[PDB]
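A.B. asks:
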Amino acid sequence: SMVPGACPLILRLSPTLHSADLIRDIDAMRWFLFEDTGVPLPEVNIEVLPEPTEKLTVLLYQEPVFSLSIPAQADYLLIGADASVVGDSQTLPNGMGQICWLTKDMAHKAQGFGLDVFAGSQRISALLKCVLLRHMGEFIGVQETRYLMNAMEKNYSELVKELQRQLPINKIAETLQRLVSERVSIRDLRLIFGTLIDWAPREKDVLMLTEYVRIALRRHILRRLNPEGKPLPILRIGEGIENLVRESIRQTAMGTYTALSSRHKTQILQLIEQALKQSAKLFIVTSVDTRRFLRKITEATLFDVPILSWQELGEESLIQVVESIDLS
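In the numbering used here, the protein residues as written are 7 to 334.
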């Protein structure tokens with residue numbers, strides 16, 4: 007008893023909406039998260055609250071980040087879809103999306119528009135999943151990279167045994183973290199390990215190895231952003247900002263970080279945020295030698311905002327320059 011080591015993931019439910027064949031739903035949820043994003047997740051212990059408040063809490067390493075109260079009338083949960091039908095709209099914490107509760111007739115009407123709607127137990131799964139995608143970078147450390155590299159040795163022994171003698175594990179783990187953080191799938195381990203073996207002796211910076219590994223997954227990146235090959239509602243950055251960041255980066259040579267002028271950071275942030283309010287959804291483009299720093303700036307907010315570059319863009323990808331930036 008009193009063993010050290012917190013519990014990874016645990017779900018607290020009121021017994022009014024419990025054991026409605028929830029186990030199968032959460033299984034089928036994680037068995038799909040795995041093949042969607044590669045990271046394998048741990049089992050989900052479920053706790054029963056002797057409570058009347060019909061509440062649910064999802065505790066992450068014995069510390070809470072999601073807790074919601076479901077009204078009695080709630081049913082036929084819809085999640086952040088179009089405003090065609092509005093039964094009851096709601097906003098989630100930390101900007102994790104918006105939900106909407108629907109009536110049966112409104113649910114059928116929504117289904118008519120080709121959307122999807124959940125009811126019964128599957129609403130719990132579709133909400134838990136929405137919670138997890140926001141916190142996928144938590145389940146990748148020095149101890150899970152080892153599990154992946156031990157699973158591989160079944161069929162790729164001579165590849166991992168050759169990757170090991172080029173990098174220490176505490177850099178492979180960092181690279182995988184930097185990748186899965188930006189919602190880039192890592193299910194193709196063969197290609198990542200190959201690209202890491204190629205460039206390892208020529209470079210000792212994980213922050214650069216990540217960029218090189220990122221260039222090589224153009225198909226696996228674009229196929230997800232732009233199904234059926236539609237033109238990209240892109241944006242662009244201003245040459246002044248590009249140059250400013252360019253000289254700021256070299257301000258330090260060893261740490262490889264950029265000296266920050268808040269009297270430029272703040273303006274860049276506000277100007278970008280205002281520009282996105284024009285409904286230019288995603289696909290901010292930038293120079294190759296700055297994308298990492300640009301994402302470093304934004305990650306504090308506006309998460310789920312892709313920051314691509316020209317190298318990740320195919321020679322014949324269909325483009326529409328919808329906006330441009332003037333600050334300098």
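Backbone N, C-alpha and C fix where the C-beta goes; we use that ideal spot for every residue, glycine too.
Out of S268, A80, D31 and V92, which one is the CA nearest neighbour of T22?
C.D. replies: Ranking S268, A80, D31 and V92 by Cα distance to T22 puts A80 first.
A.B. asks: Can you check whether the CB of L139 is closer than 8 angstroms to the CB of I105?
C.D. replies: No; because the gap between Cβ atoms is not below 8 angstroms, this pair is not in contact.
A.B. asks: Starting from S95 and walking both ways along the beta strand (DSSP E), at which residues does that stretch end?
C.D. replies: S95 -> beta strand (DSSP E) spans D94 to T97.
A.B. asks: In this structure, how does DSSP classify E245 when only helix, strand and coil are distinguished?
C.D. replies: Looking at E245 - three-state DSSP - the assignment turns out to be helix.
A.B. asks: Let me make sure I understand the geometry here. Which of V219, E159 and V54 has the alpha-carbon closest to that of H24?
C.D. replies: Comparing Cα-Cα distances from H24 to each of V219, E159 and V54, the minimum goes to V54.
A.B. asks: Are the Cβ atoms of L62 and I16 separated by less than 8 angstroms?
C.D. replies: Not in contact: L62 and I16 (Cβ atoms no closer than 8 angstroms).
A.B. asks: Have a look at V9, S131 and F199 and flag the residue whose alpha-carbon is nearest the alpha-carbon of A26.
C.D. replies: The shortest Cα separation from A26 among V9, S131 and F199 belongs to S131.
A.B. asks: Measure the CB-CB distance between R252 and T201 and report whether it falls below 8 angstroms.
C.D. replies: Not closer than 8 angstroms, so no.
A.B. asks: Can you name the start and end residues of the alpha helix (DSSP H) that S268 belongs to?
C.D. replies: From DSSP, the alpha helix (DSSP H) with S268 extends over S268 to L282.
A.B. asks: Where does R18 fall in DSSP's three states?
C.D. replies: Strand, per DSSP.
A.B. asks: Since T181 is in the alpha helix (DSSP H), which residue starts that stretch and which ends it?
C.D. replies: Start and end: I175 to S187.
A.B. asks: Please state the DSSP three-state secondary structure of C13.
C.D. replies: Looking at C13 - three-state DSSP - the assignment turns out to be coil, as it is neither helix nor strand.
A.B. asks: Could you say which of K302, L231 and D332 lies nearest to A265 if we only look at CA atoms?
C.D. replies: For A265, the nearest C-alpha among the options comes from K302.
A.B. asks: Please say whether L108 and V123 have beta carbons closer to each other than 8 angstroms?
C.D. replies: Cβ distance < 8 angstroms, so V123 and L108 count as in contact.
A.B. asks: What residue range does the beta strand (DSSP E) around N51 cover?
C.D. replies: Unbroken beta strand (DSSP E) run through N51: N51 to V54.
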